[PDB]
file work.cif (mmCIF, C-alpha atoms and all ligand atoms)
data_my_file
loop_
_atom_site.group_PDB
_atom_site.id
_atom_site.type_symbol
_atom_site.label_atom_id
_atom_site.label_comp_id
_atom_site.auth_asym_id
_atom_site.auth_seq_id
_atom_site.Cartn_x
_atom_site.Cartn_y
_atom_site.Cartn_z
ATOM 1 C CA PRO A 9 0.000 0.000 0.000
ATOM 2 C CA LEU A 10 3.110 2.192 0.393
ATOM 3 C CA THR A 11 2.272 5.897 0.832
ATOM 4 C CA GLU A 12 3.954 8.555 -1.306
ATOM 5 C CA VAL A 13 5.813 9.998 1.683
ATOM 6 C CA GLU A 14 6.987 6.562 2.791
ATOM 7 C CA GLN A 15 8.286 6.397 -0.773
ATOM 8 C CA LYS A 16 10.718 9.637 -0.632
ATOM 9 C CA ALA A 17 11.786 7.833 2.552
ATOM 10 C CA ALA A 18 12.743 4.569 0.859
ATOM 11 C CA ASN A 19 14.773 6.691 -1.497
ATOM 12 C CA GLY A 20 16.771 8.160 1.402
ATOM 13 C CA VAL A 21 14.907 11.381 2.043
ATOM 14 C CA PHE A 22 13.365 11.817 5.454
ATOM 15 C CA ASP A 23 13.679 14.069 8.491
ATOM 16 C CA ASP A 24 15.747 12.433 11.201
ATOM 17 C CA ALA A 25 12.712 13.327 13.414
ATOM 18 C CA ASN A 26 10.443 10.912 11.527
ATOM 19 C CA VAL A 27 12.436 7.761 11.868
ATOM 20 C CA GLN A 28 10.703 5.698 14.536
ATOM 21 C CA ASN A 29 11.620 2.615 16.540
ATOM 22 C CA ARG A 30 10.791 -0.801 14.973
ATOM 23 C CA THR A 31 10.545 -4.314 16.477
ATOM 24 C CA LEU A 32 12.128 -7.575 15.487
ATOM 25 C CA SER A 33 8.930 -8.844 13.999
ATOM 26 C CA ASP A 34 8.800 -6.410 11.175
ATOM 27 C CA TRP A 35 11.088 -9.126 9.872
ATOM 28 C CA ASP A 36 9.401 -12.357 10.783
ATOM 29 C CA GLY A 37 9.327 -14.748 7.889
ATOM 30 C CA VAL A 38 11.488 -17.468 6.380
ATOM 31 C CA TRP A 39 13.843 -15.753 3.933
ATOM 32 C CA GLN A 40 16.316 -16.589 1.156
ATOM 33 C CA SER A 41 19.634 -14.953 0.218
ATOM 34 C CA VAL A 42 19.297 -13.577 -3.271
ATOM 35 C CA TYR A 43 22.968 -14.324 -3.940
ATOM 36 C CA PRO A 44 22.434 -17.601 -5.797
ATOM 37 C CA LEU A 45 20.108 -15.643 -8.128
ATOM 38 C CA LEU A 46 22.993 -13.263 -8.782
ATOM 39 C CA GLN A 47 25.287 -16.175 -9.522
ATOM 40 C CA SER A 48 23.121 -18.032 -11.957
ATOM 41 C CA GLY A 49 22.585 -14.740 -13.859
ATOM 42 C CA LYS A 50 18.896 -14.789 -12.877
ATOM 43 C CA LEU A 51 19.119 -11.128 -11.792
ATOM 44 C CA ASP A 52 20.682 -9.627 -14.889
ATOM 45 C CA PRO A 53 17.581 -7.937 -16.263
ATOM 46 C CA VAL A 54 17.684 -5.911 -13.041
ATOM 47 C CA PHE A 55 21.297 -4.893 -13.498
ATOM 48 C CA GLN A 56 20.435 -4.307 -17.146
ATOM 49 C CA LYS A 57 17.483 -1.948 -16.707
ATOM 50 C CA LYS A 58 19.735 -0.082 -14.257
ATOM 51 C CA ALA A 59 22.720 0.552 -16.602
ATOM 52 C CA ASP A 60 19.950 1.621 -19.014
ATOM 53 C CA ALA A 61 19.275 4.600 -16.724
ATOM 54 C CA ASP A 62 22.813 5.200 -15.556
ATOM 55 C CA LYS A 63 25.341 6.608 -17.984
ATOM 56 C CA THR A 64 28.077 6.423 -15.363
ATOM 57 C CA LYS A 65 27.450 2.648 -15.295
ATOM 58 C CA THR A 66 27.757 -0.358 -17.588
ATOM 59 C CA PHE A 67 25.928 -3.649 -17.071
ATOM 60 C CA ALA A 68 29.434 -4.863 -16.082
ATOM 61 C CA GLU A 69 30.103 -2.515 -13.129
ATOM 62 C CA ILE A 70 26.533 -2.859 -11.731
ATOM 63 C CA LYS A 71 26.741 -6.718 -11.615
ATOM 64 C CA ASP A 72 30.177 -6.448 -10.004
ATOM 65 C CA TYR A 73 28.584 -4.093 -7.427
ATOM 66 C CA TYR A 74 25.838 -6.552 -6.458
ATOM 67 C CA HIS A 75 28.261 -9.490 -6.490
ATOM 68 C CA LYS A 76 30.393 -7.958 -3.750
ATOM 69 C CA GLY A 77 27.145 -6.587 -2.405
ATOM 70 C CA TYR A 78 25.088 -9.795 -1.871
ATOM 71 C CA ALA A 79 27.829 -12.276 -1.164
ATOM 72 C CA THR A 80 27.002 -14.257 1.995
ATOM 73 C CA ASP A 81 27.025 -17.915 2.836
ATOM 74 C CA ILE A 82 24.078 -17.459 5.156
ATOM 75 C CA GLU A 83 21.797 -19.083 2.543
ATOM 76 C CA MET A 84 18.670 -18.559 4.646
ATOM 77 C CA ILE A 85 17.489 -16.549 7.590
ATOM 78 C CA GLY A 86 14.366 -17.476 9.577
ATOM 79 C CA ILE A 87 13.057 -15.015 12.121
ATOM 80 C CA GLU A 88 10.091 -15.627 14.472
ATOM 81 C CA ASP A 89 8.928 -15.107 18.049
ATOM 82 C CA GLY A 90 11.958 -12.948 18.980
ATOM 83 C CA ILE A 91 14.558 -15.380 17.633
ATOM 84 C CA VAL A 92 16.749 -15.215 14.510
ATOM 85 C CA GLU A 93 18.079 -18.551 13.062
ATOM 86 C CA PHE A 94 20.867 -18.383 10.395
ATOM 87 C CA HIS A 95 21.437 -21.319 7.973
ATOM 88 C CA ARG A 96 24.964 -21.588 6.646
ATOM 89 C CA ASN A 97 25.879 -25.226 6.212
ATOM 90 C CA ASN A 98 23.170 -27.671 7.082
ATOM 91 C CA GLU A 99 23.513 -26.222 10.583
ATOM 92 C CA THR A 100 21.790 -23.229 12.147
ATOM 93 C CA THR A 101 22.735 -20.940 15.009
ATOM 94 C CA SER A 102 20.028 -18.785 16.618
ATOM 95 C CA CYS A 103 19.692 -16.178 19.293
ATOM 96 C CA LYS A 104 17.018 -14.157 21.026
ATOM 97 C CA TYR A 105 18.251 -10.710 19.941
ATOM 98 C CA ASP A 106 17.434 -7.476 21.822
ATOM 99 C CA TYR A 107 16.527 -4.221 20.183
ATOM 100 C CA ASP A 108 19.203 -1.635 20.742
ATOM 101 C CA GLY A 109 17.831 1.319 18.794
ATOM 102 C CA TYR A 110 18.642 2.565 15.344
ATOM 103 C CA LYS A 111 21.482 4.520 13.736
ATOM 104 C CA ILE A 112 20.504 7.106 11.076
ATOM 105 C CA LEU A 113 23.029 7.187 8.255
ATOM 106 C CA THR A 114 23.935 9.703 5.551
ATOM 107 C CA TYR A 115 25.835 8.123 2.687
ATOM 108 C CA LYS A 116 28.617 9.546 0.504
ATOM 109 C CA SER A 117 25.797 10.271 -1.955
ATOM 110 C CA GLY A 118 24.251 12.807 0.364
ATOM 111 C CA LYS A 119 21.530 10.070 0.688
ATOM 112 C CA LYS A 120 20.286 8.618 4.047
ATOM 113 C CA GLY A 121 19.420 5.254 5.690
ATOM 114 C CA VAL A 122 18.371 3.826 9.044
ATOM 115 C CA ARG A 123 20.017 0.698 10.446
ATOM 116 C CA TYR A 124 17.783 -0.914 13.072
ATOM 117 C CA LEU A 125 20.251 -2.509 15.460
ATOM 118 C CA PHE A 126 20.020 -5.668 17.558
ATOM 119 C CA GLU A 127 22.403 -7.590 19.822
ATOM 120 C CA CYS A 128 22.727 -11.171 21.100
ATOM 121 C CA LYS A 129 23.076 -11.179 24.906
ATOM 122 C CA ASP A 130 23.139 -14.986 24.969
ATOM 123 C CA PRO A 131 26.347 -16.371 26.400
ATOM 124 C CA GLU A 132 25.349 -19.817 25.086
ATOM 125 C CA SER A 133 24.122 -18.989 21.561
ATOM 126 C CA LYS A 134 26.709 -18.988 18.731
ATOM 127 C CA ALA A 135 24.820 -16.486 16.464
ATOM 128 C CA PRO A 136 26.545 -13.214 15.298
ATOM 129 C CA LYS A 137 26.749 -10.918 18.309
ATOM 130 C CA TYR A 138 25.688 -7.810 16.389
ATOM 131 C CA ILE A 139 23.046 -7.445 13.634
ATOM 132 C CA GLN A 140 21.629 -4.478 11.776
ATOM 133 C CA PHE A 141 18.615 -4.650 9.516
ATOM 134 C CA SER A 142 18.345 -2.095 6.918
ATOM 135 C CA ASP A 143 15.255 -2.357 4.679
ATOM 136 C CA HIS A 144 14.439 1.050 3.185
ATOM 137 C CA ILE A 145 11.651 1.585 5.806
ATOM 138 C CA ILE A 146 12.003 4.090 8.746
ATOM 139 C CA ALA A 147 9.004 3.161 10.968
ATOM 140 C CA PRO A 148 7.019 0.091 12.062
ATOM 141 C CA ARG A 149 5.915 -1.992 9.046
ATOM 142 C CA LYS A 150 6.563 -5.542 7.789
ATOM 143 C CA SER A 151 9.663 -5.878 5.610
ATOM 144 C CA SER A 152 9.435 -6.989 2.000
ATOM 145 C CA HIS A 153 13.082 -7.989 1.788
ATOM 146 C CA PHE A 154 16.004 -6.622 3.839
ATOM 147 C CA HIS A 155 19.828 -6.169 4.048
ATOM 148 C CA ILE A 156 21.286 -7.570 7.195
ATOM 149 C CA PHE A 157 24.766 -6.577 8.385
ATOM 150 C CA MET A 158 26.232 -9.030 10.892
ATOM 151 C CA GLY A 159 29.392 -9.290 13.057
ATOM 152 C CA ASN A 160 31.021 -9.990 16.444
ATOM 153 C CA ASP A 161 33.254 -6.887 16.683
ATOM 154 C CA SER A 162 30.984 -3.995 17.602
ATOM 155 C CA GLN A 163 27.917 -2.225 16.169
ATOM 156 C CA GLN A 164 30.037 0.619 14.858
ATOM 157 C CA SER A 165 32.166 -1.636 12.624
ATOM 158 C CA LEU A 166 28.958 -2.936 11.001
ATOM 159 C CA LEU A 167 27.901 0.712 10.723
ATOM 160 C CA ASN A 168 31.131 1.115 8.801
ATOM 161 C CA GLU A 169 30.522 -1.606 6.201
ATOM 162 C CA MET A 170 28.966 -0.197 2.963
ATOM 163 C CA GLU A 171 30.625 -2.923 0.966
ATOM 164 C CA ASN A 172 28.634 -6.090 1.826
ATOM 165 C CA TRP A 173 24.902 -6.297 2.513
ATOM 166 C CA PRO A 174 23.693 -9.859 2.214
ATOM 167 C CA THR A 175 20.130 -9.296 0.965
ATOM 168 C CA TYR A 176 17.101 -11.354 1.744
ATOM 169 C CA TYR A 177 13.667 -11.834 0.017
ATOM 170 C CA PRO A 178 10.934 -14.205 1.258
ATOM 171 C CA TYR A 179 11.194 -17.910 0.706
ATOM 172 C CA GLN A 180 7.703 -18.265 -0.998
ATOM 173 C CA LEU A 181 8.989 -16.447 -4.022
ATOM 174 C CA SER A 182 10.162 -18.010 -7.254
ATOM 175 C CA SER A 183 13.211 -16.564 -9.016
ATOM 176 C CA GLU A 184 10.780 -15.048 -11.525
ATOM 177 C CA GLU A 185 8.837 -13.520 -8.606
ATOM 178 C CA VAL A 186 12.013 -12.024 -7.025
ATOM 179 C CA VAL A 187 13.178 -10.233 -10.170
ATOM 180 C CA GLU A 188 9.709 -8.898 -10.951
ATOM 181 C CA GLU A 189 9.876 -7.168 -7.535
ATOM 182 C CA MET A 190 13.365 -5.760 -8.007
ATOM 183 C CA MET A 191 12.185 -4.071 -11.193
ATOM 184 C CA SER A 192 8.833 -2.689 -9.920
ATOM 185 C CA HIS A 193 11.048 -0.868 -7.457
HETATM 186 ZN ZN ZN B 1 20.115 13.410 14.632
HETATM 187 ZN ZN ZN B 2 19.364 -24.925 6.392
HETATM 188 ZN ZN ZN B 3 19.388 -1.013 -0.343
HETATM 189 ZN ZN ZN B 4 11.572 -4.429 -3.327
#
call {"tool": "encode", "arguments": {"input": "work.cif", "output": "structure tokens", "more": "lines below"}}
Ligand SMILES: [Zn+2]
Ligand SMILES: [Zn+2]
Ligand SMILES: [Zn+2]
Ligand SMILES: [Zn+2]
result
Amino acid sequence: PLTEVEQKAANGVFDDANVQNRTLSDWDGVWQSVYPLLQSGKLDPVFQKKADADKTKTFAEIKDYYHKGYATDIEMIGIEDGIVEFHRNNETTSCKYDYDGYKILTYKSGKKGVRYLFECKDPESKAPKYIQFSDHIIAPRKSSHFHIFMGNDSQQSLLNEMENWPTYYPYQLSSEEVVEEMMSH
């Protein structure tokens, strides 16, 4: 239903006074890394239509951007009931994360983002200690796909990465369904 104002927001325009707190369950769902769709060339039409409206960019450099961009080996995230399970190699880790606010970011492009931060306070879980969802939303609302940044250093390091953003769409969707979305977008 996306409003028109929620849309200048997704594009990185918003007043820092409009961001609001979100909860872990904006991101409940079972979810699939779109990386394998990069790798089998399933996403090219996206990177195509994009070099078609960017004269600074060739199909080549765009693809290379999303390659470095989506690379993860967390194949699959499942989030539900306060817990986040990561699937890397026929083995999950999970942890009951705790909301720890949001950082507002301004990118080198003058453009802005909000990372909604969480942390694992479980001594006994083996999940990443620090996670940050960023999903182009600034206020409570169910995600449609998201970037998650994850690490065990601090929050600030993650805040520092602009290089990698493993990107997740819902498991329901077909490859055909995923690309469709990244165009109508
Ligand atoms: Zn501020
Ligand atoms: Zn698995
Ligand atoms: Zn993004
Ligand atoms: Zn989308």
call {"tool": "closest_atom_pairs", "arguments": {"input": "work.cif", "of": "chain A", "to": "ligand ZN 3 (chain B)", "cutoff": "7 Å", "atoms": "all atoms listed in the file", "output": "CSV"}}
result
residue,atom,partner,partner_atom,distance
A:143,CA,B:ZN3,ZN,6.6
A:144,CA,B:ZN3,ZN,6.4
A:155,CA,B:ZN3,ZN,6.8
call {"tool": "residues_around", "arguments": {"input": "work.cif", "residues": "residue 82 (chain A)", "least_positions_apart": "3", "cutoff": "7 Å", "atoms": "all atoms listed in the file", "output": "list in words"}}
result
residues 94, 95 and 96 of chain A
call {"tool": "residues_around", "arguments": {"input": "work.cif", "residues": "residue 48 (chain A)", "least_positions_apart": "4", "cutoff": "12 Å", "atoms": "all atoms listed in the file", "output": "VMD selection string"}}
result
chain A and resid 42 to 44 52 71 75 183
call {"tool": "residues_near_ligand", "arguments": {"input": "work.cif", "ligand": "ligand ZN 4 (chain B)", "cutoff": "6 Å", "atoms": "all atoms listed in the file", "output": "ChimeraX atom specification"}}
result
/A:189-190,193
call {"tool": "atom_distance", "arguments": {"input": "work.cif", "atom1": "CA of residue 124 (chain A)", "atom2": "CA of residue 102 (chain A)"}}
result
18.4 Å
call {"tool": "residues_around", "arguments": {"input": "work.cif", "residues": "residue 132 (chain A)", "least_positions_apart": "2", "cutoff": "12 Å", "atoms": "only C-alpha atoms", "output": "ChimeraX atom specification"}}
result
/A:101-104,128-130,134-137
call {"tool": "resolve_selection", "arguments": {"input": "work.cif", "expression": "the PyMOL selection byres (((chain A and resi 67) around 12) and not hetatm)", "output": "PyMOL selection string"}}
result
chain A and resi 51-66+68-74
call {"tool": "residues_near_point", "arguments": {"input": "work.cif", "point": "(26.0, -9.7, 0.0)", "cutoff": "9 Å", "atoms": "all atoms listed in the file", "output": "VMD selection string"}}
result
chain A and resid 41 to 43 74 to 81 155 to 156 171 to 175
call {"tool": "closest_atom_pairs", "arguments": {"input": "work.cif", "of": "chain A", "to": "ligand ZN 1 (chain B)", "cutoff": "8 Å", "atoms": "only C-alpha atoms and all ligand atoms", "output": "CSV"}}
result
residue,atom,partner,partner_atom,distance
A:24,CA,B:ZN1,ZN,5.6
A:25,CA,B:ZN1,ZN,7.5
A:112,CA,B:ZN1,ZN,7.2
call {"tool": "residues_near_ligand", "arguments": {"input": "work.cif", "ligand": "ligand ZN 2 (chain B)", "cutoff": "7 Å", "atoms": "all atoms listed in the file", "output": "JSON, numbers by chain"}}
result
{"A": [84, 95, 96, 97, 98, 99, 100]}
call {"tool": "atom_distance", "arguments": {"input": "work.cif", "atom1": "CA of residue 85 (chain A)", "atom2": "CA of residue 35 (chain A)"}}
result
10.1 Å
call {"tool": "atom_distance", "arguments": {"input": "work.cif", "atom1": "CA of residue 186 (chain A)", "atom2": "CA of residue 34 (chain A)"}}
result
19.3 Å
call {"tool": "closest_residue", "arguments": {"input": "work.cif", "among": "A:151, A:47, A:142, A:33", "to": "residue 105 (chain A)", "atoms": "only C-alpha atoms"}}
result
A:33
call {"tool": "decode", "arguments": {"input": "work.cif", "residues": "region 46-183 of chain A", "atoms": "C-alpha atoms", "output": "PDB file, in the first residue's frame"}}
result
ATOM      1  CA  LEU A  46      22.993 -13.263  -8.782  1.00  0.00           C
ATOM      2  CA  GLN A  47      25.287 -16.175  -9.522  1.00  0.00           C
ATOM      3  CA  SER A  48      23.121 -18.032 -11.957  1.00  0.00           C
ATOM      4  CA  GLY A  49      22.585 -14.740 -13.859  1.00  0.00           C
ATOM      5  CA  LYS A  50      18.896 -14.789 -12.877  1.00  0.00           C
ATOM      6  CA  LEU A  51      19.119 -11.128 -11.792  1.00  0.00           C
ATOM      7  CA  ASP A  52      20.682  -9.627 -14.889  1.00  0.00           C
ATOM      8  CA  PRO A  53      17.581  -7.937 -16.263  1.00  0.00           C
ATOM      9  CA  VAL A  54      17.684  -5.911 -13.041  1.00  0.00           C
ATOM     10  CA  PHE A  55      21.297  -4.893 -13.498  1.00  0.00           C
ATOM     11  CA  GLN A  56      20.435  -4.307 -17.146  1.00  0.00           C
ATOM     12  CA  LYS A  57      17.483  -1.948 -16.707  1.00  0.00           C
ATOM     13  CA  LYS A  58      19.735  -0.082 -14.257  1.00  0.00           C
ATOM     14  CA  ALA A  59      22.720   0.552 -16.602  1.00  0.00           C
ATOM     15  CA  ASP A  60      19.950   1.621 -19.014  1.00  0.00           C
ATOM     16  CA  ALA A  61      19.275   4.600 -16.724  1.00  0.00           C
ATOM     17  CA  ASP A  62      22.813   5.200 -15.556  1.00  0.00           C
ATOM     18  CA  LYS A  63      25.341   6.608 -17.984  1.00  0.00           C
ATOM     19  CA  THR A  64      28.077   6.423 -15.363  1.00  0.00           C
ATOM     20  CA  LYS A  65      27.450   2.648 -15.295  1.00  0.00           C
ATOM     21  CA  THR A  66      27.757  -0.358 -17.588  1.00  0.00           C
ATOM     22  CA  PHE A  67      25.928  -3.649 -17.071  1.00  0.00           C
ATOM     23  CA  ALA A  68      29.434  -4.863 -16.082  1.00  0.00           C
ATOM     24  CA  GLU A  69      30.103  -2.515 -13.129  1.00  0.00           C
ATOM     25  CA  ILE A  70      26.533  -2.859 -11.731  1.00  0.00           C
ATOM     26  CA  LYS A  71      26.741  -6.718 -11.615  1.00  0.00           C
ATOM     27  CA  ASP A  72      30.177  -6.448 -10.004  1.00  0.00           C
ATOM     28  CA  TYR A  73      28.584  -4.093  -7.427  1.00  0.00           C
ATOM     29  CA  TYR A  74      25.838  -6.552  -6.458  1.00  0.00           C
ATOM     30  CA  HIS A  75      28.261  -9.490  -6.490  1.00  0.00           C
ATOM     31  CA  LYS A  76      30.393  -7.958  -3.750  1.00  0.00           C
ATOM     32  CA  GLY A  77      27.145  -6.587  -2.405  1.00  0.00           C
ATOM     33  CA  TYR A  78      25.088  -9.795  -1.871  1.00  0.00           C
ATOM     34  CA  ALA A  79      27.829 -12.276  -1.164  1.00  0.00           C
ATOM     35  CA  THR A  80      27.002 -14.257   1.995  1.00  0.00           C
ATOM     36  CA  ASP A  81      27.025 -17.915   2.836  1.00  0.00           C
ATOM     37  CA  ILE A  82      24.078 -17.459   5.156  1.00  0.00           C
ATOM     38  CA  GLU A  83      21.797 -19.083   2.543  1.00  0.00           C
ATOM     39  CA  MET A  84      18.670 -18.559   4.646  1.00  0.00           C
ATOM     40  CA  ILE A  85      17.489 -16.549   7.590  1.00  0.00           C
ATOM     41  CA  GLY A  86      14.366 -17.476   9.577  1.00  0.00           C
ATOM     42  CA  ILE A  87      13.057 -15.015  12.121  1.00  0.00           C
ATOM     43  CA  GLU A  88      10.091 -15.627  14.472  1.00  0.00           C
ATOM     44  CA  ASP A  89       8.928 -15.107  18.049  1.00  0.00           C
ATOM     45  CA  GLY A  90      11.958 -12.948  18.980  1.00  0.00           C
ATOM     46  CA  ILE A  91      14.558 -15.380  17.633  1.00  0.00           C
ATOM     47  CA  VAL A  92      16.749 -15.215  14.510  1.00  0.00           C
ATOM     48  CA  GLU A  93      18.079 -18.551  13.062  1.00  0.00           C
ATOM     49  CA  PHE A  94      20.867 -18.383  10.395  1.00  0.00           C
ATOM     50  CA  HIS A  95      21.437 -21.319   7.973  1.00  0.00           C
ATOM     51  CA  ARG A  96      24.964 -21.588   6.646  1.00  0.00           C
ATOM     52  CA  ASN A  97      25.879 -25.226   6.212  1.00  0.00           C
ATOM     53  CA  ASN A  98      23.170 -27.671   7.082  1.00  0.00           C
ATOM     54  CA  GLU A  99      23.513 -26.222  10.583  1.00  0.00           C
ATOM     55  CA  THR A 100      21.790 -23.229  12.147  1.00  0.00           C
ATOM     56  CA  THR A 101      22.735 -20.940  15.009  1.00  0.00           C
ATOM     57  CA  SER A 102      20.028 -18.785  16.618  1.00  0.00           C
ATOM     58  CA  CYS A 103      19.692 -16.178  19.293  1.00  0.00           C
ATOM     59  CA  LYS A 104      17.018 -14.157  21.026  1.00  0.00           C
ATOM     60  CA  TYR A 105      18.251 -10.710  19.941  1.00  0.00           C
ATOM     61  CA  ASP A 106      17.434  -7.476  21.822  1.00  0.00           C
ATOM     62  CA  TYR A 107      16.527  -4.221  20.183  1.00  0.00           C
ATOM     63  CA  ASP A 108      19.203  -1.635  20.742  1.00  0.00           C
ATOM     64  CA  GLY A 109      17.831   1.319  18.794  1.00  0.00           C
ATOM     65  CA  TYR A 110      18.642   2.565  15.344  1.00  0.00           C
ATOM     66  CA  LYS A 111      21.482   4.520  13.736  1.00  0.00           C
ATOM     67  CA  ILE A 112      20.504   7.106  11.076  1.00  0.00           C
ATOM     68  CA  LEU A 113      23.029   7.187   8.255  1.00  0.00           C
ATOM     69  CA  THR A 114      23.935   9.703   5.551  1.00  0.00           C
ATOM     70  CA  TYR A 115      25.835   8.123   2.687  1.00  0.00           C
ATOM     71  CA  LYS A 116      28.617   9.546   0.504  1.00  0.00           C
ATOM     72  CA  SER A 117      25.797  10.271  -1.955  1.00  0.00           C
ATOM     73  CA  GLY A 118      24.251  12.807   0.364  1.00  0.00           C
ATOM     74  CA  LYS A 119      21.530  10.070   0.688  1.00  0.00           C
ATOM     75  CA  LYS A 120      20.286   8.618   4.047  1.00  0.00           C
ATOM     76  CA  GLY A 121      19.420   5.254   5.690  1.00  0.00           C
ATOM     77  CA  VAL A 122      18.371   3.826   9.044  1.00  0.00           C
ATOM     78  CA  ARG A 123      20.017   0.698  10.446  1.00  0.00           C
ATOM     79  CA  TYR A 124      17.783  -0.914  13.072  1.00  0.00           C
ATOM     80  CA  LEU A 125      20.251  -2.509  15.460  1.00  0.00           C
ATOM     81  CA  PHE A 126      20.020  -5.668  17.558  1.00  0.00           C
ATOM     82  CA  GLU A 127      22.403  -7.590  19.822  1.00  0.00           C
ATOM     83  CA  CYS A 128      22.727 -11.171  21.100  1.00  0.00           C
ATOM     84  CA  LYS A 129      23.076 -11.179  24.906  1.00  0.00           C
ATOM     85  CA  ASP A 130      23.139 -14.986  24.969  1.00  0.00           C
ATOM     86  CA  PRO A 131      26.347 -16.371  26.400  1.00  0.00           C
ATOM     87  CA  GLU A 132      25.349 -19.817  25.086  1.00  0.00           C
ATOM     88  CA  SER A 133      24.122 -18.989  21.561  1.00  0.00           C
ATOM     89  CA  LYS A 134      26.709 -18.988  18.731  1.00  0.00           C
ATOM     90  CA  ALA A 135      24.820 -16.486  16.464  1.00  0.00           C
ATOM     91  CA  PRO A 136      26.545 -13.214  15.298  1.00  0.00           C
ATOM     92  CA  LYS A 137      26.749 -10.918  18.309  1.00  0.00           C
ATOM     93  CA  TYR A 138      25.688  -7.810  16.389  1.00  0.00           C
ATOM     94  CA  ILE A 139      23.046  -7.445  13.634  1.00  0.00           C
ATOM     95  CA  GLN A 140      21.629  -4.478  11.776  1.00  0.00           C
ATOM     96  CA  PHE A 141      18.615  -4.650   9.516  1.00  0.00           C
ATOM     97  CA  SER A 142      18.345  -2.095   6.918  1.00  0.00           C
ATOM     98  CA  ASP A 143      15.255  -2.357   4.679  1.00  0.00           C
ATOM     99  CA  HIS A 144      14.439   1.050   3.185  1.00  0.00           C
ATOM    100  CA  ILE A 145      11.651   1.585   5.806  1.00  0.00           C
ATOM    101  CA  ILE A 146      12.003   4.090   8.746  1.00  0.00           C
ATOM    102  CA  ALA A 147       9.004   3.161  10.968  1.00  0.00           C
ATOM    103  CA  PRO A 148       7.019   0.091  12.062  1.00  0.00           C
ATOM    104  CA  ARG A 149       5.915  -1.992   9.046  1.00  0.00           C
ATOM    105  CA  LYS A 150       6.563  -5.542   7.789  1.00  0.00           C
ATOM    106  CA  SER A 151       9.663  -5.878   5.610  1.00  0.00           C
ATOM    107  CA  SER A 152       9.435  -6.989   2.000  1.00  0.00           C
ATOM    108  CA  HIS A 153      13.082  -7.989   1.788  1.00  0.00           C
ATOM    109  CA  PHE A 154      16.004  -6.622   3.839  1.00  0.00           C
ATOM    110  CA  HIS A 155      19.828  -6.169   4.048  1.00  0.00           C
ATOM    111  CA  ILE A 156      21.286  -7.570   7.195  1.00  0.00           C
ATOM    112  CA  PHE A 157      24.766  -6.577   8.385  1.00  0.00           C
ATOM    113  CA  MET A 158      26.232  -9.030  10.892  1.00  0.00           C
ATOM    114  CA  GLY A 159      29.392  -9.290  13.057  1.00  0.00           C
ATOM    115  CA  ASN A 160      31.021  -9.990  16.444  1.00  0.00           C
ATOM    116  CA  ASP A 161      33.254  -6.887  16.683  1.00  0.00           C
ATOM    117  CA  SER A 162      30.984  -3.995  17.602  1.00  0.00           C
ATOM    118  CA  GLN A 163      27.917  -2.225  16.169  1.00  0.00           C
ATOM    119  CA  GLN A 164      30.037   0.619  14.858  1.00  0.00           C
ATOM    120  CA  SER A 165      32.166  -1.636  12.624  1.00  0.00           C
ATOM    121  CA  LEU A 166      28.958  -2.936  11.001  1.00  0.00           C
ATOM    122  CA  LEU A 167      27.901   0.712  10.723  1.00  0.00           C
ATOM    123  CA  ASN A 168      31.131   1.115   8.801  1.00  0.00           C
ATOM    124  CA  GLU A 169      30.522  -1.606   6.201  1.00  0.00           C
ATOM    125  CA  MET A 170      28.966  -0.197   2.963  1.00  0.00           C
ATOM    126  CA  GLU A 171      30.625  -2.923   0.966  1.00  0.00           C
ATOM    127  CA  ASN A 172      28.634  -6.090   1.826  1.00  0.00           C
ATOM    128  CA  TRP A 173      24.902  -6.297   2.513  1.00  0.00           C
ATOM    129  CA  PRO A 174      23.693  -9.859   2.214  1.00  0.00           C
ATOM    130  CA  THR A 175      20.130  -9.296   0.965  1.00  0.00           C
ATOM    131  CA  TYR A 176      17.101 -11.354   1.744  1.00  0.00           C
ATOM    132  CA  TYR A 177      13.667 -11.834   0.017  1.00  0.00           C
ATOM    133  CA  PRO A 178      10.934 -14.205   1.258  1.00  0.00           C
ATOM    134  CA  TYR A 179      11.194 -17.910   0.706  1.00  0.00           C
ATOM    135  CA  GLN A 180       7.703 -18.265  -0.998  1.00  0.00           C
ATOM    136  CA  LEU A 181       8.989 -16.447  -4.022  1.00  0.00           C
ATOM    137  CA  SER A 182      10.162 -18.010  -7.254  1.00  0.00           C
ATOM    138  CA  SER A 183      13.211 -16.564  -9.016  1.00  0.00           C
TER     139      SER A 183
END
